[PDB]
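In what follows, a structure is listed as structure tokens, so that the remarks can point back to it.
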Amino acid sequence: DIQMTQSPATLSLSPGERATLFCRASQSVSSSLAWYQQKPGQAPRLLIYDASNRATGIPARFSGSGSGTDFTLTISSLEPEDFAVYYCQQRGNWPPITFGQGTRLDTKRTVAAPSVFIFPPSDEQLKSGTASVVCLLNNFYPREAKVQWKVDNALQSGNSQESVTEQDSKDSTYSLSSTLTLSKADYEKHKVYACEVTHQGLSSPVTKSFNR
Amino acid sequence: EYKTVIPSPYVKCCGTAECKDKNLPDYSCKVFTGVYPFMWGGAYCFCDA
Amino acid sequence: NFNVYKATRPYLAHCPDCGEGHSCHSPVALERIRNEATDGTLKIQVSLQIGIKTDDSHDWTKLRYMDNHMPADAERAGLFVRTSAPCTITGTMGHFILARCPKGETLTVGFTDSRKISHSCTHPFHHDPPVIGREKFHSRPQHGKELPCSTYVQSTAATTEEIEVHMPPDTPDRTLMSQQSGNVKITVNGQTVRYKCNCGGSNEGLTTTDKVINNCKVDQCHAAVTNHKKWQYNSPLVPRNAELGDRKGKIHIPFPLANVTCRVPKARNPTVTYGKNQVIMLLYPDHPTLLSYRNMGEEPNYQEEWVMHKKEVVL
Amino acid sequence: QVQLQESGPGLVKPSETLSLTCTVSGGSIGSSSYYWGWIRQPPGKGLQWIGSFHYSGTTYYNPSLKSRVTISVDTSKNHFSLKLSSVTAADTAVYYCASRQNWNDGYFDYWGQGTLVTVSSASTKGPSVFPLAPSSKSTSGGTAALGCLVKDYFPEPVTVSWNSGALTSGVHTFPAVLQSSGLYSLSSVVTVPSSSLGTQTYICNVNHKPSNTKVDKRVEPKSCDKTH
């Protein structure tokens with residue numbers, strides 16, 4: 001099989017400026033690469049086929065180029081309607097037909113450090129038979145953040161989850177949720193818990209802790 | 001003077017082809033079995049019969 | 001206009017005689033030979049495209065012909081048409097050649113390749129121009145008479161006579177496979193290739209670059225070129241893609257039939273002598289000349305004969 | 001030119017047969033040289049290919065899924081159908097039907113309206129509401145954010161509002177994630193000055209349309225922050 005890797009995984013850049021995306025191939029596929037657009041609630045949309053020219057209805061703002069294993073997609077200018085998730089596909093050797101993992105295109109905004117809040121499980125979840133500890137990062141940009149949990153200084157594996165939201169309803173920013181999911185006995189055994197957050201808007205990682 | 005219009009023949013291999021009657025002035029259609037046509041690069045397709 | 005062949009490419013076709021008495025797949029092949037014109041002009045349809053070269057620019061000095069999965073250019077000056085003696089080509093456009101040929105039984109159209117090799121296709125074709133007038137002449141004379149006839153004009157405009165061009169079928173090629181110790185390697189050279197095998201991994205596939213398939217023999221795999229970026233005439237000498245036609249292109253057939261006058265000779269004045277209810281005419285035909293006579297009464301008693309030599313007839 | 005429309009159950013069970021039928025409009029199967037196919041995308045991942053159908057009679061399938069994937073065509077009623085047998089929870093993804101009208105290559109440029117296919121859990125579970133109460137630690141410089149979590153509900157989506165739907169401005173929602181038990185949870189918050197919390201009773205209104213379930217749950221500042 002042949003695998004494509006896109007760069008960067010997430011791109012934030014203001015409307016009206018030039019943009020560039022990279023797609024790297026595991027094997028040389030000549031010019032067998034297509035650049036694809038997808039929007040939330042919408043089916044994927046073809047922009048560039050064979051890493052050149054353009055499909056019908058696709059304006060000249062998109063320009064594909066490259067060869068062999070390296071291909072580039074250039075946007076002359078991002079209008080407000082051009083923000084979507086972009087993909088690269090190879091057809092040089094199929095089946096199977098291979099697509100890229102997707103690059104996230106955002107509009108660049110002002111730096112906002114994440115504000116971290118902790119919600120321990122209350123009696124309504126402690127009587128529910130499970131334990132869900134919530135760590136919320138609100139009002140930060142860009143959207144990517146690092147969240148880790150510490151439970152009585154014991155190394156954890158496979159018992160943490162995270163989710164990233166869309167544009168904020170007030171600040172036009174992004175927020176993140178982290179959840180520690182445990183059994184009732186496991187939560188009752190431990191007492192102190194910590195959520196640590198590393199983000200680009202912070203000079204250093206910030207760790208918040210609580211006791212139950 | 002008349003001219004005979006002959007669209008390109010349909011080579012269906014690994015299968016059996018069929019056609020439908022048309023209302024053209026003098027229309028004739030037929031299916032021939034067991035053909036193994038070749039092109040300039042070799043045999044058109046694998047299945048030998 | 002010349003701008004019709006924008007997205008069309010020539011095609012290789014079967015030819016019953018490639019010059020050495022053996023049928024082969026030629027870049028040039030005769031599709032239809034039309035001789036509706038009564039002055040003898042022939043409109044020969046060939047798989048070549050004359051007047052339009054590769055890179056899709058009009059050029060009367062060049063023609064384009066398919067070589068191997070892709071077209072190539074050649075000079076027009078090497079094009080020749082013959083039946084028994086070389087013909088005078090009065091015009092060319094795309095797939096069509098307007099020529100004048102001597103009486104003959106075959107028709108051969110050929111040219112010179114880029115590699116300085118000759119290509120030719122020969123078809124049996126009874127060419128014998130119909131007699132215009134009452135004299136079988138061989139070239140138009142200085143002094144004579146004019147009679148109605150029909151010819152192929154030089155005009156290359158749209159004539160509402162239309163020919164369909166559609167997407168060509170997959171082009172098989174045995175050259176695309178090379179065997180190395182039970183490994184079949186498929187080259188591409190820039191064209192998408194379909195392959196289907198019943199060895200090793202029996203899963204058929206599609207490539208755009210070179211591949212190798214292990215534990216396989218060249219005998220048990222098939223390859224073809226599928227991504228055709230240009231459409232060709234739906235000639236009866238290439239297979240069809242599906243039950244229906246792709247359509248998707250159209251080309252006007254140039255040199256429409258047009259409605260002209262032809263020059264014919266007038267025979268020499270015969271030497272006429274008289275006798276009792278008798279006319280003795282001595283005739284000097286240069287070429288087979290029709291002599292006819294009738295009575296002007298109720299009984300015409302029409303009589304005719306083709307005088308070919310100096311002859312004395314008593315009427 | 002041509003249009004695609006998907007149809008299928010959407011929700012399937014383990015070891016059940018998934019069938020998706022894509023009907024073509026503005027055209028027919030017996031058309032110019034081009035492909036058909038099906039594509040699928042798990043949430044948060046790239047697009048994955050199941051299979052493709054060429055009109056010539058050949059079929060192409062993804063080798064990892066070729067053992068169960070069957071693609072057929074009904075030219076009489078003019079559709080093409082994809083069938084996946086013994087579907088597992090790992091196959092939960094948004095499916096689309098696709099075709100490449102022009103130039104007859106492996107790409108795609110036409111699409112329908114794909115549908116989500118989920119394989120595990122059950123859709124008969126009604127929602128449960130949990131208040132994420134505000135606190136002095138949850139106050140963002142004088143303005144505090146309080147919310148509610150809808151846990152143990154299926155199928156998605158779930159409607160979350162505040163104060164009988166009268167307050168919808170400023171509500172921030174999170175993408176909900178399925179657990180490894182078939183259970184689903186979504187957190188929705190709202191940021192308000194704390195002075196309105198102790199004067200107007202704050203209610204999380206949770207509506208589950210597929211089960212037609214309406215729950216109004218009181219969300220108030222945590223008792224540890226109350227002077228009782």
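Here are the numbers for this structure:
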{"item": "Matching entry among C:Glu105, C:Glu162, C:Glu135 (being within 13 Å of another protein chain (Cβ to nearest Cβ) and not hydroxyl-bearing (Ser, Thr, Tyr))", "result": "C:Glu162"}
{"item": "Qualifying residue in the stretch A:156-164 (condition: outside any loop (DSSP other than H, G, I, E, B), aliphatic (A, V, I, L, M) and without any contact (Cβ under 8 Å) to a residue 60 or more places away in the chain)", "result": "yes"}
{"item": "Odd one out for C:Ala158 among (1) without any contact (Cβ under 8 Å) to a residue 60 or more places away in the chain; (2) touching a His at 6+ places or on another chain (Cβ under 9 Å)", "result": "(1)"}
{"item": "For A:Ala154: the one exception among (1) more than 14 Å from chain D (Cβ to nearest Cβ); (2) in contact with a strand residue (DSSP E or B) (Cβ under 7 Å, 6 or more places away or on another chain)", "result": "(2)"}
{"item": "Residue that is farthest from the other protein chains (Cβ to nearest Cβ) [pool: residues in the stretch A:17-51 that are surrounded by 15 or more Cβ atoms within 10 Å (Cβ to Cβ), among the polar types (S, T, N, Q) and more than 24 Å from D:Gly112 (Cβ to Cβ)]", "result": "A:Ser31"}
{"item": "Failed item in (1) within 14 Å of another protein chain (Cβ to nearest Cβ); (2) within 30 Å of C:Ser139 (Cβ to Cβ), with C:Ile50 passing the rest", "result": "(1)"}
{"item": "Residue tally, condition of a type in the set (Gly, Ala, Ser) and within 28 Å of the chain's Cα centre (by Cα), over the stretch D:197-222", "result": "1"}
{"item": "Complete set of residues in the stretch C:125-146 that are touching a residue at least 40 places away in the same chain (Cβ under 8 Å) and outside any loop (DSSP other than H, G, I, E, B)", "result": "C:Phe125, C:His127, C:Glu135, C:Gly144, C:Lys145, C:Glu146"}
{"item": "Selected residue (only one of D:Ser52, D:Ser32 is in contact with an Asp or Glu (Cβ under 9 Å, 6 or more places away or on another chain), in contact (Cβ under 8 Å) with a residue 40 or more places away in the chain and either surrounded by fewer than 18 Cβ atoms within 10 Å (Cβ to Cβ) or among the polar types (S, T, N, Q) (or both))", "result": "D:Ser32"}
{"item": "Strands (runs of 3 or more DSSP E) contained in the stretch A:79-138 and holding at least 3 residues in contact with a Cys (Cβ under 9 Å, 6 or more places away or on another chain), within 30 Å of D:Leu149 (Cα to Cα) and at the interface with another protein chain (Cβ under 9 Å from one of its Cβ atoms)", "result": "A:115-119"}
{"item": "Hey, B:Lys22 more than 8 Å from every other protein chain (Cβ to nearest Cβ), basic (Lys, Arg) and surrounded by 10 or more Cβ atoms within 10 Å (Cβ to Cβ) or not", "result": "no"}
{"item": "Unique match (being within 19 Å of the chain's Cα centre (by Cα) and more than 12 Å from chain A (Cβ to nearest Cβ)) among D:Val12, D:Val2, D:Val73, D:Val24", "result": "D:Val12"}
{"item": "Answer residue from the stretch C:196-211, given it is touching a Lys or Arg at 6+ places or on another chain (Cβ under 7 Å) and either on the phi > 0 side of the Ramachandran plot or part of a loop (DSSP other than H, G, I, E, B) (or both) and is nearest to the other protein chains (Cβ to nearest Cβ) among those", "result": "C:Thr208"}
{"item": "Only one of A:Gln42, A:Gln6, A:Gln37 that is free of Cβ contacts under 8 Å to residues at least 60 places away in the same chain and within 23 Å of A:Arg109 (Cβ to Cβ)", "result": "A:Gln37"}
{"item": "Residues that are farther than 14 Å from C:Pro169 by Cα, touching a residue at least 24 places away in the same chain (Cβ under 8 Å) and within 14 Å of chain B (Cβ to nearest Cβ), drawn from the stretch C:212-247", "result": "C:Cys216, C:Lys217, C:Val218, C:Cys221, C:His222"}
{"item": "Residues (in contact (Cβ under 8 Å) with a residue 40 or more places away in the chain, surrounded by 13 or more Cβ atoms within 10 Å (Cβ to Cβ) and not hydrophobic (A, V, I, L, M, F, W, C)) located in the stretch D:67-85", "result": "D:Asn78, D:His79, D:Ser81, D:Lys83, D:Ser85"}
{"item": "Selection from the stretch C:3-48 of residues that are part of a loop (DSSP other than H, G, I, E, B), within 22 Å of C:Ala74 (Cα to Cα) and over 15 Å from the mean Cα position of the chain (by Cα)", "result": "C:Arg9, C:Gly19"}
{"item": "Check on C:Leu290, assigned to a strand (DSSP E or B) and not hydroxyl-bearing (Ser, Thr, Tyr)", "result": "yes"}
{"item": "The lone exception for A:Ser178 - which of (1) more than 9 Å from chain D (Cβ to nearest Cβ); (2) part of a loop (DSSP other than H, G, I, E, B); (3) polar (S, T, N, Q) it fails", "result": "(2)"}
{"item": "Residue list for the stretch C:151-169, restricted to those being of a type outside the set (A, V, I, L, M, F, W, C), closer than 21 Å to C:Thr90 by Cα and surrounded by fewer than 16 Cβ atoms within 10 Å (Cβ to Cβ)", "result": "C:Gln154, C:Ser155, C:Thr159, C:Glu161"}
{"item": "Meets criteria (out of contact with any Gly (no Cβ under 9 Å at 6 or more places or on another chain) and of a type in the set (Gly, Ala, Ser)) for D:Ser25", "result": "yes"}
{"item": "Members of the stretch C:165-195 found to be more than 12 Å from every other protein chain (Cβ to nearest Cβ) and either touching a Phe, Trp or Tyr at 6+ places or on another chain (Cβ under 7 Å) or among the β-branched types (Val, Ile, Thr) (or both), listed by number", "result": "C:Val184, C:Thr187"}
{"item": "Which numbered condition C:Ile251 fails, given (1) free of Cβ contacts under 8 Å to residues at least 24 places away in the same chain; (2) crowded, with 18+ Cβ neighbours inside 10 Å; (3) within 30 Å of C:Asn3 (Cα to Cα); (4) not polar (S, T, N, Q)", "result": "(1)"}
{"item": "Residue check, C:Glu164 within 30 Å of C:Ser23 (Cβ to Cβ) and in a strand (DSSP E or B)", "result": "yes"}
{"item": "Matching option when the condition is outside any loop (DSSP other than H, G, I, E, B), surrounded by fewer than 18 Cβ atoms within 10 Å (Cβ to Cβ) and polar (S, T, N, Q), among C:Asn259, C:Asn189", "result": "C:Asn259"}
{"item": "Matching option when the condition is in contact (Cβ under 8 Å) with a residue 24 or more places away in the chain and either of a type in the set (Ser, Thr, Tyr) or in contact with a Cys (Cβ under 6 Å, 6 or more places away or on another chain) (or both), among C:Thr171, C:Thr187, C:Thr207", "result": "C:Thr171"}
{"item": "Test set (1) under 40 Å from the mean Cα position of the chain (by Cα); (2) among the basic types (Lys, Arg); (3) over 25 Å from A:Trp94 (Cβ atoms) - C:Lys276 fails condition number", "result": "(1)"}
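Positions of Cβ are backbone-derived with ideal geometry, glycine not excepted, and every protein chain shown enters the neighbour counts. Here, each number is a calculation from the coordinates, and none is a lab measurement.
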